[PDB]
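Chemist: Before I ask anything, let me first share the structure, which is written out below as structure tokens.
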Amino acid sequence: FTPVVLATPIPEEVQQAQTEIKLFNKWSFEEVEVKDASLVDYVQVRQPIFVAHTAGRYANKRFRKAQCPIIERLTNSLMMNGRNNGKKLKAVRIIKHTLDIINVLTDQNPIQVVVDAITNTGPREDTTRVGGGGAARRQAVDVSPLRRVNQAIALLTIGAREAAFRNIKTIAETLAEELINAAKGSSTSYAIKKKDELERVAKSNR
Amino acid sequence: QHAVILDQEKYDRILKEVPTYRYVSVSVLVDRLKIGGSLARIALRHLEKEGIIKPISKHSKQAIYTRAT
Amino acid sequence: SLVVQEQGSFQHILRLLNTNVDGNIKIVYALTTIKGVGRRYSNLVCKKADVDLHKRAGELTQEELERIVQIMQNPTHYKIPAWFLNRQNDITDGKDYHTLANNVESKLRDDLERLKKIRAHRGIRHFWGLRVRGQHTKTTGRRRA
Amino acid sequence: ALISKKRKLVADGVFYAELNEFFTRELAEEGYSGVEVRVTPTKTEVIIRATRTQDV
Amino acid sequence: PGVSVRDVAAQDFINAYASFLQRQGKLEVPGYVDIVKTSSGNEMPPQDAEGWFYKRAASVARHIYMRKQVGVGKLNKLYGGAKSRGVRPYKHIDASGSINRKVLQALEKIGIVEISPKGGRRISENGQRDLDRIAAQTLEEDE
Amino acid sequence: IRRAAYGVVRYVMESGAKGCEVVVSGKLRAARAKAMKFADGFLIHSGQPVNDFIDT
Amino acid sequence: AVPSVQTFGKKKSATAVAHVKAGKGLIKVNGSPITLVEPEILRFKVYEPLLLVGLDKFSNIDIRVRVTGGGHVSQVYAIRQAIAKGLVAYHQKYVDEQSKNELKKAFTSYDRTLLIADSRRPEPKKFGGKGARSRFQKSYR
Amino acid sequence: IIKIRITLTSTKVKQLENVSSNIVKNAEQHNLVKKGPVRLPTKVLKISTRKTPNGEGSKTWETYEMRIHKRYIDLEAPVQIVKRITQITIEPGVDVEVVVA
Amino acid sequence: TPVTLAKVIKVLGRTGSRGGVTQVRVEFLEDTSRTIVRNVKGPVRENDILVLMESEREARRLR
Amino acid sequence: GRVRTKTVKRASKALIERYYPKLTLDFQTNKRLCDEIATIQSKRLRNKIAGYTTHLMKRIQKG
RNA sequence: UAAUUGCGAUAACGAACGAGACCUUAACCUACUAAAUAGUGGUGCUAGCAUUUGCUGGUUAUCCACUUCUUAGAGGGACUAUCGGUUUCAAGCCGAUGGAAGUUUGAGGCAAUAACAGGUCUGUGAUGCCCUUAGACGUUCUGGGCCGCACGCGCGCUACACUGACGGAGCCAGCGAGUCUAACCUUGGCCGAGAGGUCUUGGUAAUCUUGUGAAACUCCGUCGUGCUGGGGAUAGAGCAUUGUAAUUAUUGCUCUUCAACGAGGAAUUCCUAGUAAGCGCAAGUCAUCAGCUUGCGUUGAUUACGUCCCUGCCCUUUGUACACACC
């Protein structure tokens with residue numbers, strides 16, 4: 001490549017590794033594949049970024065929320081349970097750790113692990129309390145793709161927090177185990193469990 | 001319900017069973033073997049020092065050790 | 001690292017100052033099971049005994065234990081400054097006294113009965129069993145048990 | 001004096017307020033309306049505004 | 001190439017100068033080092049009770065070499081945090097000014113800083129060449 | 001009340017303002033206060049025109 | 001002699017006053033280099049124009065950027081778009097519209113608004129609430 | 001010729017810049033180096049108060065900004081010019097001050 | 001279960017009692033002659049891809 | 001919504017009534033022409049009036 | 001349509017108010033005016049490294065110029081501009097580009113006719129009528145009281161910890177306020193473990209406090225899931241400041257005491273984007289005392305861009321045995 005030297009001392013791991021191919025800090029958003037063609041153009045993995053801490057403008061129309069690079073929406077739902085509202089630097093730190101741990105536990109592309117988990121884990125029906133008149137009847141309903149990826153992101157992060165809450169096994173570890181056992185149909189990860197529950201109650205109530 | 005001091009027996013169990021893993025952190029160490037965390041971090045410093053495992057991502061909140069080979 | 005694999009120098013829960021102490025935790029928090037010493041006082045007395053705090057309380061045997069208890073109950077002989085103590089001027093004697101395990105609650109009763117035979121307002125509200133600092137009662141501490 | 005401009009301008013507003021209620025009670029029989037203040041060094045002025053200055 | 005302390009990172013250079021004054025062994029530390037909390041915002045003494053004062057001297061050296069001059073109210077309002085002051089909410093908290101003044105006495109008697117015109121105490125020539133040599137050490141240790 | 005405020009409104013209207021109203025609140029004839037609102041011409045109530053185009 | 005430009009970078013309440021002169025490739029922030037900016041994450045987020053466009057774009061220019069206002073996050077955002085639009089105005093004035101449009105289309109095909117300071121400013125606190133929209137709890141009984 | 005500084009304050013902007021226009025007119029006339037006059041950021045005295053007597057629910061509040069304008073001009077002139085531009089250039093509503101050193 | 005793919009033809013309008021279930025006509029992505037009305041939960045744009053657990057429900061307006 | 005009011009719409013109506021041999025299909029021409037020809041009290045309302053005049057002439061050229 | 005906003009249609013035609021418009025404040029401006037009461041560039045003088053020609057700094061003004069940022073007088077700028085679609089082929093909306101911004105650009109000030117037996121006679125030397133007026137229902141003073149405590153309710157703070165606590169270490173704001181016949185804000189120097197006290201400066205304030213070096217934050221670590229180093233009420237002992245006086249701990253500091261609480265039911269509160277939510281500051285209060293409110297920044301989201309199902313609100317129709325008007 002012949003990386004350039006200059007009056008500034010910047011390392012070749014900064015420049016030559018990441019100039020001319022702008023992957024990520026490592027583990028590219030390039031050569032990536034979505035499994036099912038219902039997450040195509042609802043999950044913007046078409047462009048690589050470096051850090052999911054971009055000052056998002058994306059709720060300010062209806063559907064621009066779909067064009068956040070999905071690491072952003074993962075780390076943006078990572079800031080819940082009240083006392084961790086607005087702690088975005090810690091949230092991106094946790095995402096970096098759990099992707100490194102995904103890299104350790106599986107030599108596959110961690111972003112591929114995450115997006116394939118989203119595909120495997122998004123609930124594809126819903127039950128909805130409809131009144132009509134009387135005593136709270138339920139109805140099955142199909143789900144929007146964007147609502148599906150909404151529900152899936154929420155499920156993965158929720159299972160991560162509630163598992164690692166009183167437990168010494170840290171949040172990156174539990175999130176990565178959720179990602180592995182969500183990528184595979186393990187039925188040992190919470191989000192796969194709840195996908196089974198909602199689709200089961202839809203199958204009952206339809 | 002964990003341990004808090006060494007015995008040279010669980011020490012050798014670390015010496016054998018940590019290279020069986022390819023992912024090492026204090027919490028997975030004290031979940032598999034029986035340590036109270038702080039001694040696991042002492043063990044992680046020792047297994048970084050005498051190279052038996054591989055730090056890839058050290059952070060004061062969280063260290064990620066892995067298989068050397 | 002700092003790993004030590006001794007089996008016999010360590011042992012579990014021991015006893016100091018008429019109180020059993022779990023030795024499976026470190027010293028400056030381990031001594032705080034003694035009702036009368038705290039984190040701050042245990043910190044400073046282990047610093048004045050010069051014991052390394054990277055070890056737990058099961059080891060660090062009897063001679064250093066006498067070092068601990070003597071420096072604990074003789075503060076002016078081991079140059080703890082006076083304000084650090086827990087019963088400072090102590091009306092009946094004038095000399096200072098860092099009170100400890102049983103004597104903290106014994107002298108607590110002694111000062112209570114001291115000013116209650118005096119029949120001051122504080123001892124009156126103690127014997128009446130209500131809140132003593134000049135605070136509101138009419139809403140909190142209900143169902144006080 | 002040696003008073004900061006905040007306190008001075010608040011004092012001037014207070015001054016106008018107090019004169020206005022004073023003349024409002026005094027010259028109400030006359031047909032009084034208001035006060036203009038001409039703050040000048042060397043003998044400042046107060047412009048009383050009424051309707052019947054022939055009786056003021 | 002000519003190195004300043006703005007050329008070197010924070011925590012690295014601080015730890016380096018802390019161990020530097022440990023290796024030099026002259027600081028005129030107080031005799032009560034294990035006692036003072038350094039701030040009422042604290043709840044425990046500095047639990048690295050052997051190099052905290054070397055490290056705080058390194059901190060005030062770095063923080064004076066980046067700035068013009070200081071006295072003590074700067075230092076107290078800086079290093080003091082927010083006290084867990086009870087069931088009442090937190091606030092901002094003054095620190096221990098006495099450890100700060102003893103630090104500044106130490107740095108003058110070494111020849112780090114001097115008391116300065118236009119008030120305050122500014123860094124002197126021996127302190128500046130000192131910090132330059134030590135920042136050079138920290139950036140030359142990189143194999 | 002009615003004759004007096006009519007005279008007032010008639011005077012200011014012929015004196016050349018574009019709008020005037022006079023509210024007399026309080027106890028008229030009986031022991032229960034009733035307002036009277038005397039207006040001729042047109043008046044604005046809305047924004048900054050009210051401040052720089054109305055005395056009250 | 002001595003070509004120069006000073007530009008700016010702002011976000012919510014931060015101001016970095018950028019300055020690009022001709023030089024040798026010495027980049028700095030408050031005298032410190034930009035590789036010491038310590039939110040520890042956004043090192044690459046402030047390298048972002050350089051890692052985007054290349055470092056040979058820094059052939060013979062040196063930078064100084066100064067910060068006041070605006071927290072930690074928004075002040076390193078001030079640093080990054082200061083250095084970005086400063087290099088942009090440099091390629092306006094001292095080289096041509098071709099390379100200026102190359103750089104501007106680089107930043108706007110990577111439109112993270114390095115060419116417009118982002119214009120969302122806070123809202124004032126109001127009564128009824130400890131914030132701008134929200135209210136207290138009301139009791140009703 | 002004396003290194004003087006006039007400083008002006010008011011709460012009426014039209015009249016304030018009118019006074020400033022008149023002083024800058026005379027300074028342009030008598031050709032002094034004058035340090036072209038300086039806007040200062042306003043002192044905006046807010047008195048936020050309840051909108052009620054007696055105390056009463058729905059607990060509103062109004063605000064009452066006043067704003068205060070301050071300006072200064074920096075001149076060099078002989079004593080005749082000084083007293084001239086001091087005491088022929090006055091106008092109600094604006095406070096003037098002169099400082100000599 | 002042979003899951004059904006689908007593709008949006010056109011929305012009709014959010015119905016249901018509380019309003020939060022849209023109705024969309026979709027084509028089965030392999031049979032362009034067969035489009036079908038279908039209740040959807042979240043937000044649905046045009047021309048995107050639906051998944052179905054069955055194809056022969058075609059439920060109605062909800063109140 | 002961008003529904004203008006009658007204190008814009010009648011003004012622009014009468015303005016194209018009595019100045020048709022001016023006032024082309026360019027907003028900036030129309031705004032400067034409004035600032036010279038009209039009696040306006042405020043920049044923002046003037047911008048509104050000229051925009052609606054521009055829209056009217058734009059409908060005039062088509063019919 | 002945010003709208004009795006408009007396009008229109010028509011026994012109505014012209015209008016007035018209301019919305020709007022207007023006014024503040026936030027954003028954008030390489031464009032004029034200028035800024036030792038703000039910056040910047042250069043020059044000296046000088047610290048230090050590298051030495052190579054460079055860099056980091058100081059340097060009240062050593063001294064010269066400029067206004068990018070701060071500022072604010074003057075303005076400009078947006079009109080939904082341009083384009084496609086959509087519609088009686090209008091008012092409008094929807095999407096894309098452009099730009100500082102396209103929900104009325106945001107957010108406010110203002111906001112009508114008619115009403116309430118809504119609050120205030122205790123803000124008022126604003127007032128009526130009843131009442132009292134010298135052992136007073138006037139003052140004034142010394143204590144007490146409003147702070148009492150089986151209990152029911154409203155608002156909030158701290159929390160139930162590892163996304164955590166603790167300890168180093170980095171260290172970043174905006175609104176403000178501040179003393180002439182007073183002790184206001186305090187930099188700084190000393191002493192104190194701390195609270196604070198001293199010696200004295202600066203400042204009537206863009207200067208001095210002040211970049212208020214705020215908190216959260218983030219790095220390097222101690223702790224290991226244990227009501228434990230979480231939580232920190234209770235409670236004792238001492239030490240100070242404010243005040244004529246501090247007990248019915250004023251409040252602050254130092255040690256010790258470690259309670260209930262393991263994310264909390266039926267119910268129910270607030271919010272659509274720099275927003276909620278977390279995070280502290282300044283002010284009103286003040287001799288001290290904020291856990292409150294009034295406003296400021298710091299970090300900054302998930303989710304719907306809908307509906308009339310519930311709480312209600314506007315217009316029309318229909319119905320009434322209601323008019324104090326469904327209580």
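All residue names refer to the structure tokens as shown: chains lettered A, B, ... in order, residues numbered from 1 in each chain, ligands numbered from 1 in order.
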Near chain K, meaning an atom within 7 Å, which residues of chain A appear when counting only C-alpha atoms (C1' of nucleotides)? Write them as a ChimeraX atom specification.
Modeler: /A:59-60,62,76-77,82-87,168
Chemist: Need to verify the contact set: range 17-27 of chain C, 6 Å, only C-alpha atoms (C1' of nucleotides), exclusion of same-chain residues closer than 3 positions in sequence. Can you return it as number ranges by chain?
Modeler: C: 12-14, 30-31, 56-58
Chemist: Which value, in Å to one decimal, gives the distance between CA of residue 12 in chain B and CA of residue 177 in chain A?
Modeler: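 Result for CA of residue 12 in chain B versus CA of residue 177 in chain A: 28.0 Å, one decimal.
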Chemist: Show which residues sit within 12 Å of range 3-9 of chain D, as a list in words. Count only C-alpha atoms (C1' of nucleotides), and ignore same-chain residues fewer than 6 positions away.
Modeler: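 That gives residues 15 and 16 of chain D; 7, 8, 9, 10, 11, 42, 43, 44, 45, 46, 66, 67, 68, 69, 70, 93, 94, 95, 96 and 97 of chain H; 177, 178, 179, 180, 203, 204 and 205 of chain K.
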Chemist: Please determine, counting only C-alpha atoms, which residue among B:59, B:53, B:69, B:41 has the shortest atom-to-atom distance to residue 17 in chain B.
Modeler: B:53
Chemist: What's the 12 Å shell around residue 9 in chain I, counting only C-alpha atoms (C1' of nucleotides), without same-chain residues fewer than 3 positions away, as a PDB file with N, CA, C and O atoms, in the first residue's frame?
Modeler:
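As written to disk, selection.pdb reads:
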ATOM      1  N   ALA I   6     -44.966 -12.539   0.615  1.00  0.00           N
ATOM      2  CA  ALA I   6     -45.936 -11.634   0.014  1.00  0.00           C
ATOM      3  C   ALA I   6     -45.256 -10.308  -0.283  1.00  0.00           C
ATOM      4  O   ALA I   6     -44.196 -10.001   0.259  1.00  0.00           O
ATOM      5  N   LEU I  12     -54.649   0.169   2.321  1.00  0.00           N
ATOM      6  CA  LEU I  12     -55.958   0.789   2.217  1.00  0.00           C
ATOM      7  C   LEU I  12     -56.143   1.882   3.263  1.00  0.00           C
ATOM      8  O   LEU I  12     -56.454   3.027   2.922  1.00  0.00           O
ATOM      9  N   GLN I  23     -54.800  -2.095   6.929  1.00  0.00           N
ATOM     10  CA  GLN I  23     -55.108  -3.147   5.973  1.00  0.00           C
ATOM     11  C   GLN I  23     -54.399  -2.917   4.647  1.00  0.00           C
ATOM     12  O   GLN I  23     -54.515  -1.856   4.030  1.00  0.00           O
ATOM     13  N   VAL I  24     -53.687  -3.949   4.196  1.00  0.00           N
ATOM     14  CA  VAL I  24     -52.911  -3.859   2.970  1.00  0.00           C
ATOM     15  C   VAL I  24     -53.322  -5.010   2.073  1.00  0.00           C
ATOM     16  O   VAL I  24     -53.652  -6.098   2.547  1.00  0.00           O
ATOM     17  N   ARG I  25     -53.370  -4.752   0.774  1.00  0.00           N
ATOM     18  CA  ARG I  25     -53.467  -5.819  -0.201  1.00  0.00           C
ATOM     19  C   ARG I  25     -52.066  -6.185  -0.651  1.00  0.00           C
ATOM     20  O   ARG I  25     -51.255  -5.315  -0.975  1.00  0.00           O
ATOM     21  N   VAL I  26     -51.776  -7.480  -0.618  1.00  0.00           N
ATOM     22  CA  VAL I  26     -50.469  -8.000  -0.977  1.00  0.00           C
ATOM     23  C   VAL I  26     -50.635  -9.077  -2.042  1.00  0.00           C
ATOM     24  O   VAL I  26     -51.663  -9.745  -2.136  1.00  0.00           O
ATOM     25  N   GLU I  27     -49.603  -9.217  -2.862  1.00  0.00           N
ATOM     26  CA  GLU I  27     -49.474 -10.298  -3.824  1.00  0.00           C
ATOM     27  C   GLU I  27     -48.469 -11.299  -3.278  1.00  0.00           C
ATOM     28  O   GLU I  27     -47.436 -10.922  -2.725  1.00  0.00           O
ATOM     29  N   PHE I  28     -48.753 -12.589  -3.490  1.00  0.00           N
ATOM     30  CA  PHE I  28     -48.054 -13.695  -2.844  1.00  0.00           C
ATOM     31  C   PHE I  28     -46.605 -13.886  -3.273  1.00  0.00           C
ATOM     32  O   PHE I  28     -46.023 -14.917  -2.928  1.00  0.00           O
ATOM     33  N   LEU I  29     -46.047 -12.988  -4.083  1.00  0.00           N
ATOM     34  CA  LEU I  29     -44.669 -12.896  -4.579  1.00  0.00           C
ATOM     35  C   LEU I  29     -44.364 -13.987  -5.617  1.00  0.00           C
ATOM     36  O   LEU I  29     -43.371 -13.870  -6.342  1.00  0.00           O
ATOM     37  N   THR I  32     -48.918 -13.644  -9.388  1.00  0.00           N
ATOM     38  CA  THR I  32     -49.273 -12.249  -9.616  1.00  0.00           C
ATOM     39  C   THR I  32     -50.758 -12.057  -9.865  1.00  0.00           C
ATOM     40  O   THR I  32     -51.240 -10.921  -9.844  1.00  0.00           O
ATOM     41  N   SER I  33     -51.493 -13.135 -10.104  1.00  0.00           N
ATOM     42  CA  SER I  33     -52.933 -13.049 -10.256  1.00  0.00           C
ATOM     43  C   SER I  33     -53.633 -12.992  -8.914  1.00  0.00           C
ATOM     44  O   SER I  33     -54.796 -12.589  -8.836  1.00  0.00           O
ATOM     45  N   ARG I  34     -52.949 -13.405  -7.855  1.00  0.00           N
ATOM     46  CA  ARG I  34     -53.589 -13.510  -6.550  1.00  0.00           C
ATOM     47  C   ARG I  34     -52.993 -12.478  -5.598  1.00  0.00           C
ATOM     48  O   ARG I  34     -51.861 -12.585  -5.120  1.00  0.00           O
ATOM     49  N   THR I  35     -53.779 -11.437  -5.360  1.00  0.00           N
ATOM     50  CA  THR I  35     -53.577 -10.487  -4.283  1.00  0.00           C
ATOM     51  C   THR I  35     -54.695 -10.666  -3.267  1.00  0.00           C
ATOM     52  O   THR I  35     -55.737 -11.256  -3.552  1.00  0.00           O
ATOM     53  N   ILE I  36     -54.483 -10.138  -2.069  1.00  0.00           N
ATOM     54  CA  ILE I  36     -55.340 -10.486  -0.951  1.00  0.00           C
ATOM     55  C   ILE I  36     -55.260  -9.372   0.081  1.00  0.00           C
ATOM     56  O   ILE I  36     -54.218  -8.733   0.249  1.00  0.00           O
ATOM     57  N   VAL I  37     -56.393  -9.102   0.725  1.00  0.00           N
ATOM     58  CA  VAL I  37     -56.469  -8.139   1.817  1.00  0.00           C
ATOM     59  C   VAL I  37     -55.953  -8.788   3.098  1.00  0.00           C
ATOM     60  O   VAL I  37     -56.145  -9.985   3.341  1.00  0.00           O
ATOM     61  N   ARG I  38     -55.253  -8.010   3.913  1.00  0.00           N
ATOM     62  CA  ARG I  38     -54.584  -8.592   5.056  1.00  0.00           C
ATOM     63  C   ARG I  38     -54.366  -7.512   6.099  1.00  0.00           C
ATOM     64  O   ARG I  38     -53.924  -6.404   5.777  1.00  0.00           O
ATOM     65  N   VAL I  44     -46.701  -0.008   7.493  1.00  0.00           N
ATOM     66  CA  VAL I  44     -46.448  -0.660   6.216  1.00  0.00           C
ATOM     67  C   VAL I  44     -46.332   0.379   5.112  1.00  0.00           C
ATOM     68  O   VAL I  44     -47.217   1.214   4.915  1.00  0.00           O
ATOM     69  N   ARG I  45     -45.213   0.338   4.401  1.00  0.00           N
ATOM     70  CA  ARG I  45     -45.018   1.167   3.226  1.00  0.00           C
ATOM     71  C   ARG I  45     -45.491   0.402   2.006  1.00  0.00           C
ATOM     72  O   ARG I  45     -46.256  -0.557   2.110  1.00  0.00           O
ATOM     73  N   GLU I  46     -45.045   0.855   0.841  1.00  0.00           N
ATOM     74  CA  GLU I  46     -45.392   0.170  -0.391  1.00  0.00           C
ATOM     75  C   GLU I  46     -44.267  -0.758  -0.827  1.00  0.00           C
ATOM     76  O   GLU I  46     -43.104  -0.590  -0.452  1.00  0.00           O
ATOM     77  N   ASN I  47     -44.647  -1.775  -1.598  1.00  0.00           N
ATOM     78  CA  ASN I  47     -43.780  -2.692  -2.331  1.00  0.00           C
ATOM     79  C   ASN I  47     -42.853  -3.518  -1.461  1.00  0.00           C
ATOM     80  O   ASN I  47     -41.928  -4.129  -1.996  1.00  0.00           O
ATOM     81  N   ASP I  48     -43.043  -3.551  -0.150  1.00  0.00           N
ATOM     82  CA  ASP I  48     -42.142  -4.357   0.644  1.00  0.00           C
ATOM     83  C   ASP I  48     -42.747  -5.724   0.936  1.00  0.00           C
ATOM     84  O   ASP I  48     -43.865  -6.048   0.528  1.00  0.00           O
ATOM     85  N   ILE I  49     -41.983  -6.522   1.670  1.00  0.00           N
ATOM     86  CA  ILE I  49     -42.141  -7.968   1.700  1.00  0.00           C
ATOM     87  C   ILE I  49     -42.764  -8.390   3.018  1.00  0.00           C
ATOM     88  O   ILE I  49     -42.238  -8.090   4.094  1.00  0.00           O
ATOM     89  N   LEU I  50     -43.869  -9.115   2.923  1.00  0.00           N
ATOM     90  CA  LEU I  50     -44.589  -9.624   4.074  1.00  0.00           C
ATOM     91  C   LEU I  50     -44.337 -11.112   4.221  1.00  0.00           C
ATOM     92  O   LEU I  50     -44.038 -11.814   3.253  1.00  0.00           O
TER      93      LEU I  50
END
